[PDB]
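Below is one structure, written out as structure tokens, with a few remarks after it.
Protein chains: 2
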Amino acid sequence: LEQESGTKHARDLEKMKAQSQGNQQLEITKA
Amino acid sequence: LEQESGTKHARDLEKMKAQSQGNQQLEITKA
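Top to bottom, those sequences are chains PB and PA. Each residue of the first sequence is one higher than the one before, counting from 663 in the authors' numbering. Each residue of the second sequence is one higher than the one before, counting from 663 in the authors' numbering.
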């Protein structure tokens, strides 16, 4: 079910999107 | 089915395209 519906992809895609969003911390504080 | 139709490739191709698009954050804020 996870693979058929693309749930695993959305599970994976939304994962490192947070990792990319983790770099927001540096420019939030220093700007 | 995923491999025959190229779904797995499009699953993989659209994955790190977001990772490449993750670098847009740096130039969005600092420009």
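Quick reminder that beta carbons are idealized off the backbone N, C-alpha and C, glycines included.
Determine, using beta carbons only, whether residue i comes closer than 9 Å to chain PA.
i, result
"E664 (chain PB)", "no"
"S667 (chain PB)", "no"
"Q687 (chain PB)", "no"
Distance check for residue j and residue i, CA to CA, integer angstroms please.
i, j, result
"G668 (chain PA)", "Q665 (chain PB)", "14 Å"
"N685 (chain PA)", "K677 (chain PB)", "16 Å"
"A672 (chain PA)", "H671 (chain PB)", "11 Å"
Ignore the nearest five residues each way along the sequence and tell me which others in residue i's own chain have a CB closer than 6 Å to its CB.
i, result
"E689 (chain PA)", "none"
Please report whether the beta-carbon of residue i lies at a distance below 9 Å from any beta-carbon of chain PB.
i, result
"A693 (chain PA)", "no"
inquiry  = Quick check on the DSSP output: what are the complete beta strand (DSSP E) runs of length 3 or more inside the region 664-691 of chain PB, in order along the chain?
reply    = none
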